[PDB]
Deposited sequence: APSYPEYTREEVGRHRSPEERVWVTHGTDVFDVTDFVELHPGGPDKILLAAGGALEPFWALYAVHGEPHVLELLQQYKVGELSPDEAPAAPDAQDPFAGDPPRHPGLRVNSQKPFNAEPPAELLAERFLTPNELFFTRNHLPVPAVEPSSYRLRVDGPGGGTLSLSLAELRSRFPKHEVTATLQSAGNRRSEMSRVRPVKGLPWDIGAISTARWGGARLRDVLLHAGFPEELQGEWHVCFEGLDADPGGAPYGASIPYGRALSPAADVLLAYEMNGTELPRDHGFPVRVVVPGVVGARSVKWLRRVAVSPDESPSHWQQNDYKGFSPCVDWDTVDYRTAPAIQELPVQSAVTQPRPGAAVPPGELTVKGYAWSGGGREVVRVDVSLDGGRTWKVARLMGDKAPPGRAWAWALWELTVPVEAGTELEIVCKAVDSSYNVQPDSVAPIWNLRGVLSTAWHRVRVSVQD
């Protein structure tokens, strides 16, 4: 009777926004504690019940107008294409939706600051699979690559998303058919046995439980948005301390994350303790990625003296390697879907006497 009966167990203490389907984020106090988010804490966004996949009979279908159909086993995907490792942060379009909900009610799961997580993904390059199928580096005209999941709507339509053909074929874009996550088998909640990972691009495009790759001209495989969000803008949030905390006087360590879409590196994080009147530069920690390939977040921290009996409004904002900035307030960027919530994050705390 329960369509979600076969869903996997999860780590206790996740912040669960929806049980069926399962949508949850790590608690903020753990989010910035490790550069790579442990698989058990990695935020989970499921539209549907989690597919149960027998690994030996699993086949990935690859097709398209000038290709020729492949039916690839998991063994074949592991052995016939060189394995690549890409460290990439996935962020939901609705990350920080609850801050937008606070201004005016929205539609969608009220994610806090934790609909974002980072892993080292291992797999075959989509580029290598598509070239093997007979697709060329370049096609005359505008084309896309569509991905279908094994999870399907009751009406029949599988979860699907697409990316431009140029991104799918680019050596530098690092698009993976990932079968490995942080050194181990892809967990069920994260797309076992195979997912697409599209670095620098909204999480929605990294299709889990992959069943079909299809090449198609721009104008069947359907992207669920039926323009559509691809790259995301600059994002940052304070994960320590937490809203409403009472902190002891003396030194305070403020920590958080920052990230930008499209492989743009975070080059600076500014932190304020007085609601954005004065700023100090945070120390950044990251993987120092190649130019235009900064797929992973920067974790940041700043240790600052705080005075007994005062009130703090901690604010952070980031700048990327193309010198993009964040908007300063939520109200002007508000939208009914509560997506693209990237205004300066503000956290109010009191300093104890």
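Comparing the deposited sequence with the modelled residues, the stretches lacking C-alpha coordinates are 1-93, 313-326, 334-339.
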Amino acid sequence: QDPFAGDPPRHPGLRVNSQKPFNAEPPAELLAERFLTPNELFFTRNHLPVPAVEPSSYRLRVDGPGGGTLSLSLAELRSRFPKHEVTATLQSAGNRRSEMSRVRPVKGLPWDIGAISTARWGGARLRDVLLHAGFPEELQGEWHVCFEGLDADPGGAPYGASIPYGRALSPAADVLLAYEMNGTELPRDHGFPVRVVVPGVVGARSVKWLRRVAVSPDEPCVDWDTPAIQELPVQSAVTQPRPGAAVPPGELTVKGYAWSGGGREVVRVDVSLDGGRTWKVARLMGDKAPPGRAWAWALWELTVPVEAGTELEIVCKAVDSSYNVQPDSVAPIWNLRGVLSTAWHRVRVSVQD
From here on, numbers count along this sequence of modelled residues.
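Legend: mean Cα B-factor per stretch from the PDB entry, 5-13 versus 18-26; the higher mean is in 5-13. Mean CA temperature factor is higher for 165-173 when stretches 165-173 and 210-218 are set side by side in the entry. Looking only at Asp270, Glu231, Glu265, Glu138, the residue with the top Cα B factor in the deposited structure is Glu138. Listed residues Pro227, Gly261, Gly122, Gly191 were ranked by CA B-factor as deposited; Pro227 comes out on top.
Among the modelled residues of the chain, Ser101 sits in the highest third by CA temperature factor in this PDB entry. When the modelled residues of the chain are ordered by C-alpha B-factor, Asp320 sits in the lowest third. Annotation for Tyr257: CA B-factor lies in the lowest third of the chain's modelled residues.
In this PDB entry, the Cα temperature factor of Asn39 sits in the middle third of its chain's modelled residues.
Compared with the other modelled residues of the chain, the Cα B-factor recorded for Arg277 ranks in the highest third.
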